[PDB]
Structures are given as C-alpha cells and as structure tokens.
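Dropping run28.cif in here (mmCIF, C-alpha atoms and all ligand atoms):
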data_work
loop_
_atom_site.label_atom_id
_atom_site.label_comp_id
_atom_site.auth_asym_id
_atom_site.auth_seq_id
_atom_site.Cartn_x
_atom_site.Cartn_y
_atom_site.Cartn_z
CA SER A 19 -8.46 11.92 7.18
CA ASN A 20 -5.27 13.94 6.65
CA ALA A 21 -2.09 13.99 4.55
CA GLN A 22 -0.27 11.86 7.14
CA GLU A 23 -2.75 8.99 7.34
CA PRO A 24 -1.65 5.74 5.62
CA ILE A 25 -3.49 5.13 2.34
CA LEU A 26 -1.37 2.56 0.51
CA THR A 27 0.37 -0.70 1.23
CA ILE A 28 3.11 -1.98 -1.05
CA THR A 29 4.24 -5.59 -0.78
CA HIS A 30 7.63 -6.70 -2.08
CA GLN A 31 9.49 -9.93 -1.26
CA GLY A 32 7.03 -10.84 1.51
CA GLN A 33 7.46 -7.45 3.21
CA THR A 34 4.73 -4.81 3.51
CA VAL A 35 5.36 -1.05 3.61
CA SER A 36 2.77 1.67 4.25
CA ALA A 37 2.66 5.11 2.64
CA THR A 38 0.80 8.34 3.34
CA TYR A 39 -0.30 11.07 0.93
CA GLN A 40 2.49 13.29 2.27
CA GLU A 41 5.06 10.59 1.51
CA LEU A 42 3.71 9.81 -1.97
CA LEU A 43 3.60 13.51 -2.85
CA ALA A 44 7.24 13.90 -1.80
CA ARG A 45 8.02 11.10 -4.30
CA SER A 46 5.68 12.40 -7.03
CA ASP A 47 7.79 12.61 -10.18
CA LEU A 48 5.13 12.68 -12.89
CA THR A 49 2.16 14.64 -14.12
CA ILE A 50 0.07 13.08 -16.89
CA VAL A 51 -2.37 15.29 -18.78
CA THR A 52 -4.98 13.10 -20.44
CA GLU A 53 -8.53 12.45 -21.44
CA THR A 54 -10.14 9.34 -19.94
CA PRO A 55 -13.30 7.39 -20.77
CA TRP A 56 -14.84 8.60 -17.47
CA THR A 57 -13.95 12.32 -17.45
CA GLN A 58 -14.59 15.43 -19.55
CA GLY A 59 -11.74 17.00 -21.52
CA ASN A 60 -8.15 16.92 -20.27
CA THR A 61 -7.32 16.38 -16.62
CA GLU A 62 -3.94 16.85 -14.95
CA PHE A 63 -3.02 13.85 -12.77
CA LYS A 64 0.05 14.06 -10.52
CA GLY A 65 1.65 11.27 -8.51
CA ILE A 66 4.35 8.63 -8.38
CA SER A 67 5.14 6.90 -11.65
CA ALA A 68 5.27 3.13 -11.88
CA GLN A 69 8.98 3.37 -12.72
CA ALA A 70 9.57 5.61 -9.68
CA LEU A 71 7.70 3.22 -7.39
CA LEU A 72 9.76 0.26 -8.59
CA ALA A 73 13.01 2.26 -8.17
CA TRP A 74 11.92 3.12 -4.60
CA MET A 75 11.38 -0.59 -3.88
CA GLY A 76 14.76 -1.52 -5.45
CA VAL A 77 13.46 -3.27 -8.57
CA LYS A 78 13.93 -2.55 -12.28
CA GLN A 79 11.76 -5.19 -13.98
CA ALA A 80 8.49 -6.32 -12.38
CA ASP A 81 4.73 -6.38 -12.83
CA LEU A 82 2.35 -4.63 -10.42
CA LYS A 83 -0.78 -6.18 -8.95
CA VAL A 84 -3.08 -3.29 -8.05
CA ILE A 85 -6.09 -3.76 -5.75
CA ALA A 86 -8.84 -1.21 -5.07
CA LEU A 87 -11.07 -0.46 -2.08
CA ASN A 88 -14.02 -2.09 -3.91
CA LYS A 89 -11.92 -5.22 -4.63
CA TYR A 90 -11.47 -4.59 -8.34
CA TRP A 91 -7.91 -5.49 -9.26
CA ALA A 92 -5.67 -5.43 -12.31
CA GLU A 93 -2.05 -6.28 -13.05
CA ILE A 94 0.08 -3.62 -14.79
CA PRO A 95 2.72 -5.56 -16.78
CA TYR A 96 6.34 -4.46 -17.00
CA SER A 97 5.93 -3.85 -20.74
CA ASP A 98 3.35 -1.15 -19.92
CA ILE A 99 5.64 0.32 -17.26
CA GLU A 100 8.40 0.65 -19.85
CA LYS A 101 6.24 1.93 -22.73
CA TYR A 102 3.69 4.13 -20.94
CA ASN A 103 5.03 4.66 -17.39
CA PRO A 104 1.54 5.09 -15.90
CA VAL A 105 1.23 7.29 -12.81
CA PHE A 106 -0.24 6.38 -9.44
CA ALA A 107 -2.03 9.69 -9.20
CA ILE A 108 -2.70 11.30 -5.81
CA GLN A 109 -3.86 14.65 -7.25
CA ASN A 110 -6.54 15.56 -9.76
CA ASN A 111 -5.97 19.12 -11.05
CA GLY A 112 -3.64 19.73 -8.11
CA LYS A 113 -5.87 18.62 -5.26
CA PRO A 114 -6.21 15.35 -3.32
CA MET A 115 -8.98 12.95 -4.33
CA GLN A 116 -11.73 12.01 -1.90
CA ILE A 117 -12.69 8.33 -1.86
CA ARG A 118 -16.03 9.41 -3.39
CA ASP A 119 -14.05 11.01 -6.26
CA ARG A 120 -11.95 7.93 -7.18
CA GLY A 121 -9.36 8.59 -4.48
CA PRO A 122 -7.11 8.38 -2.77
CA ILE A 123 -4.94 6.94 -5.57
CA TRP A 124 -5.84 6.27 -9.22
CA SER A 125 -3.57 4.65 -11.82
CA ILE A 126 -3.56 6.76 -14.99
CA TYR A 127 -2.08 6.03 -18.42
CA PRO A 128 -1.08 8.77 -20.93
CA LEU A 129 -4.01 7.91 -23.21
CA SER A 130 -4.16 11.23 -25.06
CA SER A 131 -0.46 11.62 -25.88
CA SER A 132 -0.16 7.94 -26.89
CA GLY A 133 -3.31 7.87 -29.06
CA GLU A 134 -4.85 5.19 -26.79
CA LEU A 135 -8.07 6.90 -25.61
CA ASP A 136 -10.18 4.00 -26.96
CA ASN A 137 -7.88 1.19 -25.70
CA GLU A 138 -10.03 -0.95 -23.38
CA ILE A 139 -7.00 -2.96 -22.18
CA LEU A 140 -5.37 0.18 -20.81
CA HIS A 141 -8.69 1.34 -19.36
CA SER A 142 -8.84 -1.93 -17.40
CA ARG A 143 -5.47 -1.06 -15.79
CA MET A 144 -6.57 2.44 -14.69
CA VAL A 145 -7.65 1.40 -11.21
CA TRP A 146 -9.31 4.01 -9.01
CA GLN A 147 -9.53 3.94 -5.21
CA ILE A 148 -6.28 1.98 -4.96
CA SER A 149 -5.45 0.46 -1.58
CA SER A 150 -2.56 -1.92 -2.29
CA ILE A 151 0.17 -2.61 -4.82
CA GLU A 152 2.17 -5.82 -4.96
CA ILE A 153 5.43 -6.05 -6.87
CA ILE A 154 5.54 -9.31 -8.86
CA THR A 155 9.10 -10.21 -9.87
CA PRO A 156 9.99 -12.78 -12.60
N1 LIG B 201 -11.51 0.40 -8.71
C1 LIG B 201 -11.90 0.24 -9.97
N2 LIG B 201 -11.17 0.72 -10.97
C2 LIG B 201 -11.59 0.54 -12.27
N3 LIG B 201 -10.82 1.05 -13.27
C3 LIG B 201 -11.23 0.87 -14.51
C4 LIG B 201 -12.43 0.20 -14.81
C5 LIG B 201 -12.88 0.00 -16.23
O1 LIG B 201 -14.30 -0.09 -16.28
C6 LIG B 201 -12.27 -1.28 -16.81
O2 LIG B 201 -12.37 -1.22 -18.22
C7 LIG B 201 -12.96 -2.54 -16.30
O3 LIG B 201 -12.18 -3.69 -16.59
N4 LIG B 201 -13.19 -0.31 -13.86
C8 LIG B 201 -12.78 -0.14 -12.57
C9 LIG B 201 -13.57 -0.66 -11.46
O4 LIG B 201 -14.63 -1.26 -11.60
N5 LIG B 201 -13.08 -0.44 -10.19
#
Go ahead and express the file in the form of structure tokens.
Amino acid sequence: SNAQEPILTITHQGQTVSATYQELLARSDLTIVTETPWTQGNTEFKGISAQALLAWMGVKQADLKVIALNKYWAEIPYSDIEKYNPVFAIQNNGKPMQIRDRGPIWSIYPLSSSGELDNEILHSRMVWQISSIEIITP
C-alpha cells in the first residue's frame, strides 16, 4: 500500500466519502500520549480528533459508529467526543501502522491524562484496524 491509497470510508446523511493516509495526516490536529491496556508505557498517537472529523463533515453534535476490518464495532457517543475528544490515530510514535500492528487507524482515548486507564467502557471504544466511520445525528 501507500500514503495515497484509500483506508477509510465516512458515511454522513446517506453519502460516503473516502480518505487516504495522506489526507488524514493533513487533517491531523491531535496527538494523545497515553498508556493503554494493550501496550507498554506511554505511546504517542497522532491523527484526526473526533471533533475535527465532525467539523470536517459539517456536524457539531453526533455519535460515531466505528467498524473495524475484523468486524468489531463500537459507537463513540457525543458525550465522549466532548469530554475526551478521542483521536483517530494514523501514527504510532510518528510512523504509520501496518494492519498487523492495529493499523491503519486506531481510536485512542486520553486514558493516562484523564485517570481512565482501567475504564473498560473506554477500552471498548478504542477500536483498532478501523475501516469505516458513520456519523449518527440525533
Ligand atoms: N478491532 C477491534 N478493536 C478492539 N478494541 C478494543 C477491544 C477491547 O478488548 C474491548 O474492551 C472489547 O469490547 N477489542 C477490540 C477488538 O476485538 N477488535
């Protein structure tokens, strides 16, 4: 693959848009440094924040339905977007993520800085190998 191949589809109001790594990196507004239940120590995760992705799509309040390559899925509620602003990470310590290393996109919450490292609800919303995001409006 390469930085210009599509890796994500976003659906909003019955319309689908595709995005490449190159595109997502150009819109990457947030780095989260955090521990996770599946990694050692602190990791730096850079990508497009949930708030930034909604702004791009022309929405302020919405939930996100996130689906992974392996079919796992989880909905990120607006309340989490407001309170935690999780990042759709495309880099792990500054480099792209191979599918075999939870890539190409992984939703990451600021567990360390929010004191939520043991919060299983937030863990369940940290979806690796993301392939699609659907914006769910009220
Ligand atoms: N793609 C993908 N992402 C995941 N993210 C988090 C967790 C955690 O185990 C959750 O706590 C499970 O609900 N599981 C998964 C998973 O299986 N698949």
task: Could you give me, as a ChimeraX atom specification, the residues within 9 Å of residue 20 of chain A, counting all atoms listed in the file and dropping anything in the same chain fewer than 6 positions from it?
output: /A:38-40
task: Go through A:119, A:47, A:138, A:62 and flag the residue nearest ligand LIG 201 (chain B), using only C-alpha atoms and all ligand atoms for the distances.
output: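 Ranking A:119, A:47, A:138, A:62 by distance to ligand LIG 201 (chain B), first place goes to A:138.
All residues of protein, DNA or RNA that reach within 8 Å of segment 25-33 of chain A, judged by all atoms listed in the file and not counting those fewer than 6 positions away in the chain, are residues 39, 75, 122, 148, 149, 150, 151, 152, 153 and 154 of chain A.
Picture a line from atom CA of residue 136 of chain A to atom CA of residue 58 of chain A; it runs 14.3 Å.
Closest to residue 139 of chain A among A:100, A:95, A:116, A:34 is A:95, based on only C-alpha atoms.
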Quick one: contact table of chain A to ligand LIG 201 (chain B), 6 Å max, nearest atom pair and distance in Å to one decimal per residue, counting only C-alpha atoms and all ligand atoms, chain and number order, as CSV?
residue,atom,partner,partner_atom,distance
A:86,CA,B:LIG201,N1,4.8
A:88,CA,B:LIG201,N1,6.0
A:90,CA,B:LIG201,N5,4.8
A:138,CA,B:LIG201,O2,5.7
A:141,CA,B:LIG201,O2,4.6
A:142,CA,B:LIG201,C6,3.5
A:144,CA,B:LIG201,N3,4.7
A:145,CA,B:LIG201,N2,3.6
A:146,CA,B:LIG201,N1,4.2
A:147,CA,B:LIG201,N1,5.4
Residue subset to file, keeping C-alpha atoms, as a short mmCIF file (atom, residue, chain, number, x, y, z; two decimals), in the coordinates of the input:
data_model
loop_
_atom_site.label_atom_id
_atom_site.label_comp_id
_atom_site.auth_asym_id
_atom_site.auth_seq_id
_atom_site.Cartn_x
_atom_site.Cartn_y
_atom_site.Cartn_z
CA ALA A 86 -8.84 -1.21 -5.07
CA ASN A 88 -14.02 -2.09 -3.91
CA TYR A 90 -11.47 -4.59 -8.34
CA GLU A 138 -10.03 -0.95 -23.38
CA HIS A 141 -8.69 1.34 -19.36
CA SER A 142 -8.84 -1.93 -17.40
CA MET A 144 -6.57 2.44 -14.69
CA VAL A 145 -7.65 1.40 -11.21
CA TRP A 146 -9.31 4.01 -9.01
CA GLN A 147 -9.53 3.94 -5.21
#
field: Computed interatomic separation between atom CA of residue 114 of chain A and atom CA of residue 63 of chain A (Å)
entry: 10.1 Å
message: So, with only C-alpha atoms as the atoms that count, which of A:115, A:48, A:140, A:37 lies closest to residue 67 of chain A?
response: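 Ranked by minimum distance to residue 67 of chain A, first place goes to A:48.
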- prompt: Just how far from atom CA of residue 102 of chain A is atom CA of residue 130 of chain A, in Å to one decimal?
  reply: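 The value is 11.4 Å.
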- line: One residue among A:110, A:85, A:45, A:94 is nearest to residue 73 of chain A when using all atoms listed in the file, and that residue is A:45
Hey, can I get the axis-aligned box for segment 149-153 of chain A? All listed atoms, 8 Å padding on each side, centre and edge lengths in Å to one decimal, as JSON.
{"center_x": 0.0, "center_y": -2.8, "center_z": -4.2, "size_x": 26.9, "size_y": 22.5, "size_z": 21.3}
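If you count only C-alpha atoms and ignore residues fewer than 6 places along the chain from residue 106 of chain A, what sits within 7 Å of it is residues 65, 66, 67, 68, 123, 124, 125 and 126 of chain A.
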field: Which of A:93, A:81, A:53, A:41 sits closest to residue 127 of chain A [using all atoms listed in the file]
entry: A:53
- prompt: Neighbours of residue 64 of chain A within 6 Å (all atoms listed in the file; same-chain residues fewer than 4 positions away dropped), as number ranges by chain?
  reply: A: 48-49, 107, 109
Given all atoms listed in the file as the counted atoms, nearest of A:87, A:50, A:96, A:135 to residue 117 of chain A: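 Of A:87, A:50, A:96, A:135, the one nearest residue 117 of chain A, counting all atoms listed in the file, is A:87.
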Within 7 Å of file point (-2.1, -8.5, -10.9), counting only C-alpha atoms, expressed as a list in words: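 Those within range, by chain then number, are residues 82, 83, 84, 91, 92, 93 and 94 of chain A.
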